[PDB]
Every structure is written in C-alpha cells, then in structure tokens.
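Enquirer: Here you go, one structure.
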Amino acid sequence: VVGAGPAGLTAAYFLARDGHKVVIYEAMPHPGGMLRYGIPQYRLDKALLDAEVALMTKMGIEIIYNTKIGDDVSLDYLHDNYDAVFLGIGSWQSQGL
Amino acid sequence: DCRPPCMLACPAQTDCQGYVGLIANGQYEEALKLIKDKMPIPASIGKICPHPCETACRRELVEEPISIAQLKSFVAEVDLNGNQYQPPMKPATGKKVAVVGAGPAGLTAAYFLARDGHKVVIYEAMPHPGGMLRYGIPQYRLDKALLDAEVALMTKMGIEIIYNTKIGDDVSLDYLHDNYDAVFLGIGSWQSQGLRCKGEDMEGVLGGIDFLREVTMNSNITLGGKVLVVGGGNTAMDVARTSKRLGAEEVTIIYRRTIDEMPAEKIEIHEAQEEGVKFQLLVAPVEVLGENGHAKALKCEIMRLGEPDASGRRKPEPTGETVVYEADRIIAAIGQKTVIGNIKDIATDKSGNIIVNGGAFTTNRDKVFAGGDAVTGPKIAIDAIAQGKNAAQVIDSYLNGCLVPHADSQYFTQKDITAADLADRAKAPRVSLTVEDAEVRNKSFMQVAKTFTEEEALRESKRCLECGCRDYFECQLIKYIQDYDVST
Amino acid sequence: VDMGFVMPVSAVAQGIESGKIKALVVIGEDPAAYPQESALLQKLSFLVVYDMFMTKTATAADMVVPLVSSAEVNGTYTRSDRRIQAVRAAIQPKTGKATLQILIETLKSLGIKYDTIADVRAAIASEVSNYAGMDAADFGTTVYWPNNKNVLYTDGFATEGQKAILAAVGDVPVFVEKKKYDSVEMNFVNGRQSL
Amino acid sequence: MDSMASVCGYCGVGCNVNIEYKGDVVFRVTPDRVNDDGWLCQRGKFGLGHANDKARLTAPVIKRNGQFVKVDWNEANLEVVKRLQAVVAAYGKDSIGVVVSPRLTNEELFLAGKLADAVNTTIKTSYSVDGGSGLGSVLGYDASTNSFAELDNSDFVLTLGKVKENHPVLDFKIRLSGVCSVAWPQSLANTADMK
Ligand SMILES: Cc1cc2nc3c(=O)[nH]c(=O)nc-3n(C[C@H](O)[C@H](O)[C@H](O)COP(=O)(O)OP(=O)(O)OC[C@H]3O[C@@H](n4cnc5c(N)ncnc54)[C@H](O)[C@@H]3O)c2cc1C
Ligand code: SF4
Ligand code: SF4
Ligand code: SF4
C-alpha cells in the first residue's frame, strides 16, 4: 500500500483483517497524511492519531517511513515483489495564484 | 624471514605455515580458526584459487611444493560436515552498513563488518548469492551446494541478504545514502566485451558471461553442432568445456598467442584438451559472415610469432593468409568489462572501473566506498576477498570518527636461499589428486576432482619446511621496527 | 485426460523413428516388454525411468528413480464418472521421498516454486479449467468436477458452436485386444502365476 | 490392525478400501462398508501385496560404463536436469516426450505437465490413454455423461464390451439393482451392424 493516509490506512486495515500481509510505504517521517500535515494541532491532536496507528501496527502491519515511490523505490519493484499494489498517494501539490 | 614466502605471496596474507603445521599436528578446528580470520568461504576459495602462494613455496627447491589449497579445502569441508564454527562478535554498536552485491568482496566486507558489531544488509540483484563464483564458475569445478551452505552459515550470524534488488534500477543509491551509516559498492564487472569486428551484432553471436549465466539458471539455450569460442582467458576455457558437456559435438577455441602465452591455467588447459575441445591457434577475428540474419561462418587471419612484449609473451604478427571457419554458434569470451549501470553521481575511469582514493577506498560521494572487480577490473577471487577485508577495516575505522588508510607492513626477508642450501632435506613425492576419467567428465556436470582424505592431508602437511621465524609473535625487534617506521 | 495427456502414441513412435525426438521421460510405465517398442527405445539419446521395480524398461535406461506405491501417497484420484476421491497414505515412504516431493524439487531446480500439496492444489484450481473449486473441495465428501453436478450437458454441449459434431465413420474390422503397460498391473499378472 | 481409508488403484470404478497394517507392513485390505456399497474384486482385495515386496528400488541409480551406480538425491536431480537441458540445447524444441502412467494422482500428473511445459515440449502422452476414447470430438468432453449413482433408477442398461470380466464391482451393482440389462451381441463385431 503506497501512502499512509486515510485511504491507505483503511485499505491496509481491511486487507490485514482478511489474512493477507500488508506493507505500507510512506514518504513522510510520520503516518497520517493530510490528517497530520494538513489538519492543525488545535483541531486534531496528533498524539491521538499516533496512538491509533500504533494500535493498527499491533495487528501485524509493517509501515516503512521515509520511502517515496518513484524517487527512492521504483513501482516495478513493488509490482514484481507483491501480489497486489494499492496507490493511495493523494493530492499534494499547491495551486498557484 | 619474519614471515614465510608462501604467506607473503598470498594476496590476503593468509597464514599458510600456521595452518599447515596445525594440520600436521591433527588440529583441524584450529586450522579453520586460522583460515577464517581472512575469509568467510574457505572451501570454495581453496577449490578454485590459482594458488599464487604455492608458486613461492621453498619446497619447490627440493620437489613439488605443498598442496596448500587442497589442505584448506579439506579442513573447511571437515568443519562444515562437523561442528560449524562461528567466530565471536563484538557487542552491537548501532551502526548500519549497506553492502551492494553479494560477491566475494561484498560477502567478505559484510562478514568482517558484522564481526565488529555493526548491522550489515546485503542487496543482491540475483536470486542466489555468490556472484561470479555462482554464475561464472561451472558446477563441475565449484559445487553450488557448498557455497549455499557457507552463505547460510554467514546468514546465521545476523546478516540480512535481500535478493532480486538492483541498485539504481529498483532502489536508488540516495535511499541507501540516507538510511545507512556506510555503503560499500561491490558491484563487480558484469559486461561482456564484443568481438570488436565487423558484423558483431549478427544474431547467433552471444557473450560468454551471458551464456554461462543462462547455463547456471537452467534456462533454454541453443547451441547446435559446431561452436566457436573466441578468447584465451578462463572464460574461454569454462565456456568451451561447458559447451562440450552441453551436447556440442565439436568445440573450437581461437586465440592469437601461443599455448605458452595463454593467460589460463595450465591444468585447466590440459583438462580441456583431455575432454575433447580442439585448439585453433595464432588467429584473430576479421569478419563474421552470415545469411538472412543468421551467422554460420567466421572469417579470420593467420598470424605468426614475433618479439616478446614487456609482459613476457610473444607478440603476434600478421601474415596475410585468410581462413574461414564453419560454425553453428559463436561465443565471444575475450574478457569482462565493468559497467556502472543506472547508478549516478559515481565517477568512473576510462575503462569503466570506479575511481577510488588509493588506500582508503573512498569514491567522490561521501559515505560511499568501493572495492573488488569494480576497482581492479577482472581478477581472481582472492584479490576481491583481500580488497573487501581491507575496505571493511577502513570503513570500521571511518565509523569511529577517524579515517586511517590501509598501509602494508615491513618484514625481514631472505632472497639468497638456493637448492644447495637444501641438499640435506629428504625427498617425498607430492600427493596426487584423484581425477575422474574422461569418459564420465564429457557427459556429466559432477565433480572432476575429489577432496583429500585425512591420511593424504596428514601426509602432505607433514612435509613443510617451516620457513618462517618461530619467534615472530613475541619478537620485540620487529615490534619496534614496525612501530618506528624503519625500512628492512 | 483432464491434464492434457491425450496425444496418441503413434506420434511418439513416428517422432522417434524420424529423428525429431531425442529424449524420453517414462513415469511408471513399461513399454519395453514388447520387442518393437524396445527396438524403438533403443534409438534414443537419453531416457529416464521412474518406476518402483527394476523392470525391462529401467534396465535399458540411462537413469532410474524409484517410486512409492499407492499405500504411501497422498492425493486425489478422478473416478470414471468424474468424482474426485481422496487417497490417503497409510505408511511412510520406504524410499524416503514421495513422488510429489521428487517432482517439486525438480521443478524447483527448473525455476517453479511450490511448497506443499496445498499450493499444487491451488495451481490446479487456477489453471485447469474444470477443476475450479478443488482448493476448498473437502474430498471427504462427494465432489464432481463440472460445477459439482452429476449430469453433463444440461445446458448444451461443450463444443465450439455448442452443437454435437456428427461425422461419418468407415468400415471397421474386428476389435484388437489392448495391452497392459502399467508396471504394477503386469507385476500383479505375473505374480498370479507364482502360486 | 490399524486401518486407513483409501481408494483402489487398479481401474476406474474406484472402490473405497480400508488398508489394515501394523507398522511398515500392509497386511490386508477390506471393503469400505460405510461410505460405499462395500464390494471389491480380486485386484482390489489382494493387490496391495507389492507394497511389501523386497525387490522395490530404494535409491536412484545412474549408469556409468554400463553399470548402475547408487547416487544421492541431489546428484540425481542435477544429472537429470542437466541432461535434459543438454538435449534441449542440442536438438531444439519438441525433442522431448513425456510418457506417464494413469495410476498417478492428480497433483503428480499436474506437476508432470508443468515439467513438460518447462522443458519446451508439447509431447505429453500415455500408452494406456493412447489418445482417449474418442467421445471428446463429438460432445466436447471426454468423460461420462452420467454418474454411477444413476444406475439405480434407470429402466434399461445396455452394456458394450466385457464389463463383467474387467470391472466386476460394477457388474455386482448392476445385478443388485435389478434393472433390465441387455448385453450387445458378440456376433456383431463390425460397425456396419451398428450402422
Ligand atoms: C569464467 C570465469 C572463470 C573464473 N575462474 C576463476 C578462477 O579460476 N579462480 C578464481 O579465483 N576466480 C575465478 N573467477 C571469478 C573471478 O575471477 C572473481 O571471483 C571475481 O572477482 C568475483 O569477485 P567480485 O568482487 O567481482 O564479485 P562479483 O562476482 O562481481 O559479485 C557482484 C555481485 O553483485 C551483484 N550486482 C551487480 N550489479 C549490481 C547492482 N547494480 N546492484 C546490486 N547488486 C549488483 C551481482 O549480481 C553479483 O551478485 C572466474 C569467473 C568467471 C566468470
Ligand atoms: S587463497 Fe590462494 S593464495 Fe591464499 S593460501 Fe589459499 S591457495 Fe594460497
Ligand atoms: S615450505 Fe612451508 S613455510 Fe616454507 S614456503 Fe612452503 S608452505 Fe611456506
Ligand atoms: S472393480 Fe476391482 S480393480 Fe476396479 S476399483 Fe473396484 S476393487 Fe479396484
């Protein structure tokens, strides 16, 4: 699963709940996606999100941080070494004026 | 003699006298403990090494020298079949080293770095480890099960090997640079030189390295009746004998210099001659003739012997006579050349080898080191092992905050020893090697030579002359000579 | 039949005698008990025999690999009426490795990775057309391969155009009795005469 | 005696059997009266006695100088793979024929087919199967269109061939069913009478 946002986290959760082994590749040091780097602290406490992701990790899901697909690991690598790939990259480019 | 000539001739400086004498005392485990201070794969290396140490043995002044490599292989196999030895490790230091490539240089660097407490990860681009010892050395010379068992022993020490991962194509080198405390590049030379003639791109002409790799992976290959191998190195010999075992009715080797000037070992040449490959001599490529995209003939010129070069081999001189040779497949085995691939920001020389700072193994990029055939080009395996060990020592010193280059040591040596100085020694014949007959060798891929038995190993090892000084490990003169930088 | 072993034997004989076929792999059969087939096999270049006994074929081979009997194998048999029945091993293999293990290691050498019989059954379900469902079939009960149905062609025939192909057949002489080629069958027949 | 439930390995009726054994020796075979009708023939009853034979092979042997030499399993695997690769290299595609016996399980037959695919050949065959029964070209499937369990409710059964002599448990079932069974006459050996 590429990206640890809500879509990637939910896909990994509901795939690990079916017996498969799921690996999440995240391009940022911490998981959450725009819930972490787009929602301010005074609206969503980051400790709460970290605790929930730790609970999810306790189920047997491996999250690999600081790994950007395309720049650090090619997508052909994931295509060759895995039975499925789910791209949950999300929109991360700011529109100009 | 502070150290014997046999140890000084070895590229890795393996203490040959010490473990030969330990075999003569019946201590095989201690002999392996001596050997494993310099390499992690003693059985394979003893099986394939061209033994430069055996050339410098002073027993040559009496009779045939000591079979050092066979004793090393015997002891390594006896320990592999018995209690496997695991050398002690320092407590973990928390440093991370990534090693690119699982060849002899990469394996040796990972071994000697994990033995210092660091955590090492090996990235390998092939499904199995070994490098050119696996995909370049044929099965009938080096058993792959032995190499697999040795690598499993190494993996039991805590080294993670990741297969099917090519650096530059699948994982960028910036990833390893960011996520690790050191990187050691042991990529090696994996590109086949072409025929360097007109019509070298014709279908039906294939490289020796790719042909050998396809043989190893049990793929589907096409050879046909007549096969012409161009080259004179070890690649040509291995390709010729592998094609002889692969159902080819006749194999021809084409070279430009004399039998006496072949770069291959004389034993391998004699074995190939016994197996049935015919040698075609004093011939260089001219033109590849083919029809409809299929090559069936090779055109060549006939040379003549000339003056010796600076390397001691007679130069070929053209004669103006042309001869064409029929073939069904033509295999180019002139030599290997280093390719860097898609790895970027790494400086390379005019021949493709990685440029490193001599003695420190440092490339232009910081935190990135190199060694093995990526630096020295195509050479024998013990050179790669020595470079990997020295680079592991340099990387370990660099991780501590102070980089120290590798420098050789000074010893007292004696060069006036002649046969008249050894006229009082008794003469004892060397231990012959039991070699399977040429009937079964031509059709099968099984081993052509058997390892020494215990009686043969004792008989061979009890024949050494003990050339080194017995007081070396406690002599104080040599200690102060090394410490105070005095030339001997 | 359902795995594709439906090529006629006359093609093999012709390919042997035309020089097109150079190697043969025999698994559990004994064709060499009859003089013409033995003469055909003598013109080979490499022959492998998998058999339990050192039969007539295995004597003339270049390599013989032992097999285990039906009392030491786990697997399934397909009945005449398309019923898949489980075969359970009573005693451990007296040679050390089962036939499935031998084939698995050979395919491992050739580059195809299988671990146990569950992986093989999943591959059969995913590659053989009508055995879809063998993975969770539970062969302790009644399992039939066409959609677990006792009756075939309930919704039309399985030809190219979903129509029966009727073709004229010529004059036919008296039937010629078939021979026995499985080594166990001929062994039983010959051992009948021992008492 | 310990009992293990398996099926007979001699013909296509596939009667369920119980193998009674003690250790590594099979001692007797009994019918399975719970899951089937509980009938057997001579081959099913007295046919597992080859499992205790002392002439069975135990380790692979490779021919050198005309004599067989016992080898390890790894050496045997290497030798067969390398010799097959040599034959493929020297003679190209479709130079290897794979002859199997229909006594093997489904998984072993599937793996033999995979091996045939991997060594670049399409010649997979059997001397017993010898091209099938010819029903495939007419209806699409070379298989029985009905199961044995429907022999009870039919009102007429026409038998072609020696069903009684070759597959006698089927004859026992037909006789116990009581349906009107008529055998095709023996004096009608040519297919002009079928026309
Ligand atoms: C025909 C032949 C005959 C030989 N005969 C002898 C002999 O008689 N004696 C002897 O001692 N040696 C012999 N050798 C071996 C050779 O001389 C040396 O052993 C060689 O130096 C191997 O050491 P290496 O460090 O180059 O390792 P290599 O074998 O080059 O190992 C490199 C490894 O890195 C992998 N790799 C390559 N590129 C990448 C990448 N981009 N990313 C990740 N991994 C990568 C390769 O797949 C390989 O596994 C022979 C070799 C050949 C081909
Ligand atoms: S590795 Fe080679 S040079 Fe070194 S001791 Fe062994 S045989 Fe001699
Ligand atoms: S005689 Fe012994 S000590 Fe002297 S060079 Fe030979 S191996 Fe070394
Ligand atoms: S009829 Fe006889 S040979 Fe056929 S399956 Fe039944 S017991 Fe076995």
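Convention: chains lettered A, B, ... in structure tokens order; per-chain residue numbering from 1; ligands numbered from 1 as shown.
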Produce as an mmCIF file with N, CA and C atoms, in the first residue's frame the set of residues near ligand 1, where near means within 6 Å with only C-alpha atoms and all ligand atoms considered.
Expert:
```cif
data_model
loop_
_atom_site.group_PDB
_atom_site.id
_atom_site.type_symbol
_atom_site.label_atom_id
_atom_site.label_comp_id
_atom_site.auth_asym_id
_atom_site.auth_seq_id
_atom_site.Cartn_x
_atom_site.Cartn_y
_atom_site.Cartn_z
ATOM 1 N N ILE B 48 38.974 -23.247 -5.955
ATOM 2 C CA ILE B 48 39.115 -22.553 -7.231
ATOM 3 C C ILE B 48 40.348 -21.662 -7.335
ATOM 4 N N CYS B 49 41.076 -21.416 -6.248
ATOM 5 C CA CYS B 49 42.152 -20.430 -6.292
ATOM 6 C C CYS B 49 43.283 -20.919 -7.193
ATOM 7 N N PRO B 50 43.934 -20.021 -7.943
ATOM 8 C CA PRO B 50 45.071 -20.431 -8.771
ATOM 9 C C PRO B 50 46.356 -20.556 -7.980
ATOM 10 N N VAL B 100 26.408 -3.449 -1.310
ATOM 11 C CA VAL B 100 25.780 -3.677 -2.601
ATOM 12 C C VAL B 100 26.505 -4.818 -3.292
ATOM 13 N N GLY B 101 25.793 -5.909 -3.534
ATOM 14 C CA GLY B 101 26.383 -7.061 -4.178
ATOM 15 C C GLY B 101 26.843 -8.113 -3.197
ATOM 16 N N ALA B 102 26.541 -9.375 -3.483
ATOM 17 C CA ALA B 102 26.911 -10.490 -2.624
ATOM 18 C C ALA B 102 28.002 -11.349 -3.247
ATOM 19 N N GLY B 103 28.981 -10.727 -3.893
ATOM 20 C CA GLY B 103 30.124 -11.447 -4.399
ATOM 21 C C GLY B 103 31.141 -11.662 -3.303
ATOM 22 N N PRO B 104 32.324 -12.181 -3.646
ATOM 23 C CA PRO B 104 33.367 -12.352 -2.623
ATOM 24 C C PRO B 104 33.744 -11.072 -1.900
ATOM 25 N N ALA B 105 33.826 -9.945 -2.605
ATOM 26 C CA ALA B 105 34.166 -8.689 -1.947
ATOM 27 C C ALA B 105 33.047 -8.234 -1.025
ATOM 28 N N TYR B 123 22.401 -6.112 -0.490
ATOM 29 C CA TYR B 123 21.439 -6.018 -1.579
ATOM 30 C C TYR B 123 21.997 -6.737 -2.798
ATOM 31 N N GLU B 124 21.289 -7.756 -3.265
ATOM 32 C CA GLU B 124 21.758 -8.607 -4.346
ATOM 33 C C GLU B 124 20.775 -8.550 -5.503
ATOM 34 N N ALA B 125 21.295 -8.462 -6.721
ATOM 35 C CA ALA B 125 20.465 -8.320 -7.906
ATOM 36 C C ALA B 125 20.087 -9.645 -8.538
ATOM 37 N N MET B 126 20.480 -10.765 -7.950
ATOM 38 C CA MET B 126 20.243 -12.091 -8.491
ATOM 39 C C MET B 126 19.546 -12.954 -7.448
ATOM 40 N N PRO B 129 23.005 -15.978 -3.920
ATOM 41 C CA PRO B 129 24.252 -15.269 -3.635
ATOM 42 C C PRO B 129 25.480 -16.022 -4.110
ATOM 43 N N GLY B 130 26.539 -15.261 -4.346
ATOM 44 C CA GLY B 130 27.788 -15.847 -4.775
ATOM 45 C C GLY B 130 28.491 -15.032 -5.834
ATOM 46 N N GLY B 131 27.730 -14.333 -6.660
ATOM 47 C CA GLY B 131 28.353 -13.532 -7.697
ATOM 48 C C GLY B 131 28.907 -14.411 -8.792
ATOM 49 N N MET B 132 30.073 -14.045 -9.314
ATOM 50 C CA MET B 132 30.679 -14.812 -10.393
ATOM 51 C C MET B 132 31.194 -16.166 -9.937
ATOM 52 N N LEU B 133 31.242 -16.422 -8.629
ATOM 53 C CA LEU B 133 31.533 -17.769 -8.157
ATOM 54 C C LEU B 133 30.358 -18.697 -8.398
ATOM 55 N N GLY B 136 29.424 -17.706 -12.807
ATOM 56 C CA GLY B 136 30.521 -17.738 -13.749
ATOM 57 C C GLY B 136 31.392 -18.969 -13.639
ATOM 58 N N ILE B 137 31.457 -19.564 -12.456
ATOM 59 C CA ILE B 137 32.230 -20.782 -12.244
ATOM 60 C C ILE B 137 31.304 -21.968 -12.465
ATOM 61 N N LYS B 166 18.065 -4.608 -7.436
ATOM 62 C CA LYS B 166 19.154 -3.999 -8.184
ATOM 63 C C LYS B 166 19.240 -2.527 -7.818
ATOM 64 N N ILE B 167 20.421 -2.091 -7.390
ATOM 65 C CA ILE B 167 20.614 -0.695 -7.027
ATOM 66 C C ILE B 167 20.700 0.145 -8.290
ATOM 67 N N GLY B 186 30.218 -3.309 -4.080
ATOM 68 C CA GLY B 186 30.958 -4.435 -4.608
ATOM 69 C C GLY B 186 30.318 -4.995 -5.860
ATOM 70 N N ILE B 187 29.922 -4.108 -6.777
ATOM 71 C CA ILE B 187 29.091 -4.488 -7.914
ATOM 72 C C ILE B 187 29.810 -5.436 -8.868
ATOM 73 N N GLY B 188 31.114 -5.292 -9.036
ATOM 74 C CA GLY B 188 31.849 -6.173 -9.915
ATOM 75 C C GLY B 188 31.614 -5.871 -11.380
ATOM 76 N N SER B 189 32.337 -6.599 -12.221
ATOM 77 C CA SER B 189 32.306 -6.411 -13.666
ATOM 78 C C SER B 189 31.392 -7.451 -14.297
ATOM 79 N N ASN B 234 40.206 -17.478 -18.744
ATOM 80 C CA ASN B 234 39.459 -18.535 -18.072
ATOM 81 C C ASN B 234 38.027 -18.617 -18.578
ATOM 82 N N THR B 235 37.486 -17.500 -19.068
ATOM 83 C CA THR B 235 36.135 -17.503 -19.612
ATOM 84 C C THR B 235 36.031 -18.404 -20.831
ATOM 85 N N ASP B 238 36.132 -22.128 -19.626
ATOM 86 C CA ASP B 238 34.894 -22.549 -18.983
ATOM 87 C C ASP B 238 33.765 -22.674 -19.992
ATOM 88 N N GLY B 372 36.841 -4.504 -4.956
ATOM 89 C CA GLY B 372 36.654 -5.692 -5.764
ATOM 90 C C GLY B 372 36.879 -5.439 -7.237
ATOM 91 N N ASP B 373 36.214 -6.212 -8.097
ATOM 92 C CA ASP B 373 36.359 -6.033 -9.538
ATOM 93 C C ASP B 373 35.827 -4.698 -10.028
ATOM 94 N N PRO B 378 38.779 -7.259 -13.964
ATOM 95 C CA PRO B 378 38.705 -8.720 -13.804
ATOM 96 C C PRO B 378 39.989 -9.285 -13.214
ATOM 97 N N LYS B 379 39.860 -9.923 -12.052
ATOM 98 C CA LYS B 379 40.978 -10.535 -11.352
ATOM 99 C C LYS B 379 40.457 -11.755 -10.605
ATOM 100 N N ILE B 380 41.368 -12.461 -9.928
ATOM 101 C CA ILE B 380 40.982 -13.690 -9.247
ATOM 102 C C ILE B 380 40.277 -13.371 -7.935
ATOM 103 N N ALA B 381 39.641 -14.397 -7.368
ATOM 104 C CA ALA B 381 38.706 -14.189 -6.267
ATOM 105 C C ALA B 381 39.399 -13.757 -4.992
ATOM 106 N N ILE B 382 40.616 -14.242 -4.748
ATOM 107 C CA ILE B 382 41.295 -13.905 -3.505
ATOM 108 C C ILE B 382 41.680 -12.429 -3.477
ATOM 109 N N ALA B 384 39.717 -10.079 -4.699
ATOM 110 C CA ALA B 384 38.464 -9.470 -4.274
ATOM 111 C C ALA B 384 38.241 -9.649 -2.783
#
```
Enquirer: Distance limit 12 Å, reference ligand 3, atoms considered: only C-alpha atoms and all ligand atoms. Which residues make the cut? Give them as a PyMOL selection string.
Expert: chain B and resi 1-10+13-22+24+51-69+71+414+417+422+425+460-470
Enquirer: Select the residues contacting ligand 4 at a distance of at most 9 Å, based on only C-alpha atoms and all ligand atoms, then format the selection as a list in words.
Expert: residues 7, 8, 9, 10, 11, 12, 13, 14, 15, 16, 17, 31, 39, 40, 41, 42, 43, 44, 45, 47, 166, 167, 168, 169, 170 and 171 of chain D
Enquirer: For residue 162 in chain C, list every protein, DNA or RNA residue within 10 Å, evaluated using only C-alpha atoms, and leave out those in the same chain fewer than 6 positions away; present the list as a PDB file with C-alpha atoms, in the first residue's frame.
Expert:
```pdb
ATOM      1  CA  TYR C 153     -24.605 -31.107 -20.878  1.00  0.00           C
ATOM      2  CA  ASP C 155     -27.485 -26.543 -20.822  1.00  0.00           C
ATOM      3  CA  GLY C 156     -25.923 -27.577 -24.136  1.00  0.00           C
TER       4      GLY C 156
ATOM      5  CA  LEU D 139     -19.634 -33.858 -27.312  1.00  0.00           C
ATOM      6  CA  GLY D 140     -16.644 -31.732 -26.272  1.00  0.00           C
TER       7      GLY D 140
END
```
Enquirer: Please identify which residues in range 91-131 of chain C DSSP calls helix (DSSP H, G or I) from the backbone, and express them as a PyMOL selection string.
Expert: chain C and resi 99-110+117-127
Enquirer: Can those selected residues be exported to a file as a PDB file, in the first residue's frame so that it contains N, CA and C atoms?
Expert:
```pdb
ATOM      1  N   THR C  99       6.591 -39.156  -4.563  1.00  0.00           N
ATOM      2  CA  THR C  99       6.686 -38.734  -5.957  1.00  0.00           C
ATOM      3  C   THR C  99       6.427 -37.243  -6.100  1.00  0.00           C
ATOM      4  N   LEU C 100       5.470 -36.725  -5.334  1.00  0.00           N
ATOM      5  CA  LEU C 100       5.198 -35.296  -5.352  1.00  0.00           C
ATOM      6  C   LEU C 100       6.414 -34.506  -4.903  1.00  0.00           C
ATOM      7  N   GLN C 101       7.139 -35.009  -3.905  1.00  0.00           N
ATOM      8  CA  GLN C 101       8.341 -34.312  -3.471  1.00  0.00           C
ATOM      9  C   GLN C 101       9.403 -34.308  -4.558  1.00  0.00           C
ATOM     10  N   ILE C 102       9.586 -35.433  -5.253  1.00  0.00           N
ATOM     11  CA  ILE C 102      10.584 -35.506  -6.319  1.00  0.00           C
ATOM     12  C   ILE C 102      10.265 -34.504  -7.419  1.00  0.00           C
ATOM     13  N   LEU C 103       9.000 -34.457  -7.835  1.00  0.00           N
ATOM     14  CA  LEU C 103       8.611 -33.522  -8.882  1.00  0.00           C
ATOM     15  C   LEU C 103       8.722 -32.078  -8.410  1.00  0.00           C
ATOM     16  N   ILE C 104       8.430 -31.823  -7.134  1.00  0.00           N
ATOM     17  CA  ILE C 104       8.535 -30.472  -6.599  1.00  0.00           C
ATOM     18  C   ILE C 104       9.983 -29.999  -6.588  1.00  0.00           C
ATOM     19  N   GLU C 105      10.925 -30.858  -6.186  1.00  0.00           N
ATOM     20  CA  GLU C 105      12.325 -30.430  -6.206  1.00  0.00           C
ATOM     21  C   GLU C 105      12.843 -30.270  -7.628  1.00  0.00           C
ATOM     22  N   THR C 106      12.400 -31.121  -8.558  1.00  0.00           N
ATOM     23  CA  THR C 106      12.834 -30.941  -9.943  1.00  0.00           C
ATOM     24  C   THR C 106      12.327 -29.621 -10.516  1.00  0.00           C
ATOM     25  N   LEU C 107      11.066 -29.277 -10.247  1.00  0.00           N
ATOM     26  CA  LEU C 107      10.536 -28.003 -10.719  1.00  0.00           C
ATOM     27  C   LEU C 107      11.172 -26.830  -9.993  1.00  0.00           C
ATOM     28  N   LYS C 108      11.591 -27.034  -8.747  1.00  0.00           N
ATOM     29  CA  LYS C 108      12.358 -26.024  -8.030  1.00  0.00           C
ATOM     30  C   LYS C 108      13.690 -25.763  -8.709  1.00  0.00           C
ATOM     31  N   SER C 109      14.352 -26.825  -9.172  1.00  0.00           N
ATOM     32  CA  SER C 109      15.578 -26.654  -9.943  1.00  0.00           C
ATOM     33  C   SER C 109      15.309 -25.924 -11.249  1.00  0.00           C
ATOM     34  N   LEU C 110      14.201 -26.247 -11.913  1.00  0.00           N
ATOM     35  CA  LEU C 110      13.875 -25.600 -13.178  1.00  0.00           C
ATOM     36  C   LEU C 110      13.317 -24.195 -13.014  1.00  0.00           C
ATOM     37  N   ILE C 117       1.339 -29.585  -0.840  1.00  0.00           N
ATOM     38  CA  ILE C 117       0.271 -30.023  -1.725  1.00  0.00           C
ATOM     39  C   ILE C 117      -0.847 -28.995  -1.821  1.00  0.00           C
ATOM     40  N   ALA C 118      -0.947 -28.076  -0.860  1.00  0.00           N
ATOM     41  CA  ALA C 118      -1.959 -27.030  -0.945  1.00  0.00           C
ATOM     42  C   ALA C 118      -1.664 -26.067  -2.085  1.00  0.00           C
ATOM     43  N   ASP C 119      -0.391 -25.711  -2.275  1.00  0.00           N
ATOM     44  CA  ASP C 119      -0.017 -24.849  -3.390  1.00  0.00           C
ATOM     45  C   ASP C 119      -0.274 -25.529  -4.724  1.00  0.00           C
ATOM     46  N   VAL C 120       0.025 -26.823  -4.814  1.00  0.00           N
ATOM     47  CA  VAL C 120      -0.244 -27.558  -6.043  1.00  0.00           C
ATOM     48  C   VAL C 120      -1.739 -27.598  -6.322  1.00  0.00           C
ATOM     49  N   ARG C 121      -2.551 -27.795  -5.283  1.00  0.00           N
ATOM     50  CA  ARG C 121      -3.995 -27.840  -5.488  1.00  0.00           C
ATOM     51  C   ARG C 121      -4.544 -26.479  -5.892  1.00  0.00           C
ATOM     52  N   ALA C 122      -3.996 -25.400  -5.333  1.00  0.00           N
ATOM     53  CA  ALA C 122      -4.406 -24.064  -5.757  1.00  0.00           C
ATOM     54  C   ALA C 122      -4.020 -23.797  -7.208  1.00  0.00           C
ATOM     55  N   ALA C 123      -2.831 -24.244  -7.621  1.00  0.00           N
ATOM     56  CA  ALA C 123      -2.432 -24.099  -9.017  1.00  0.00           C
ATOM     57  C   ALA C 123      -3.332 -24.907  -9.940  1.00  0.00           C
ATOM     58  N   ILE C 124      -3.724 -26.113  -9.520  1.00  0.00           N
ATOM     59  CA  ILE C 124      -4.641 -26.918 -10.322  1.00  0.00           C
ATOM     60  C   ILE C 124      -5.977 -26.211 -10.461  1.00  0.00           C
ATOM     61  N   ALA C 125      -6.473 -25.637  -9.366  1.00  0.00           N
ATOM     62  CA  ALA C 125      -7.746 -24.932  -9.420  1.00  0.00           C
ATOM     63  C   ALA C 125      -7.673 -23.700 -10.309  1.00  0.00           C
ATOM     64  N   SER C 126      -6.541 -23.005 -10.312  1.00  0.00           N
ATOM     65  CA  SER C 126      -6.408 -21.762 -11.055  1.00  0.00           C
ATOM     66  C   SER C 126      -5.934 -21.951 -12.491  1.00  0.00           C
ATOM     67  N   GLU C 127      -5.522 -23.152 -12.880  1.00  0.00           N
ATOM     68  CA  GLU C 127      -5.048 -23.373 -14.243  1.00  0.00           C
ATOM     69  C   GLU C 127      -5.856 -24.403 -15.012  1.00  0.00           C
TER      70      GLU C 127
END
```
Enquirer: Env of residue 25 in chain A: 8 Å cut, atoms = only C-alpha atoms, seq-sep filter 5 positions within chain, self excluded. Answer as number ranges by chain.
Expert: A: 1-4, 63-65, 67-69
Enquirer: Using only C-alpha atoms and a cut-off of 10 Å, which residues of chain B sit close to chain C? Please list them as a ChimeraX atom specification.
Expert: /B:217-219
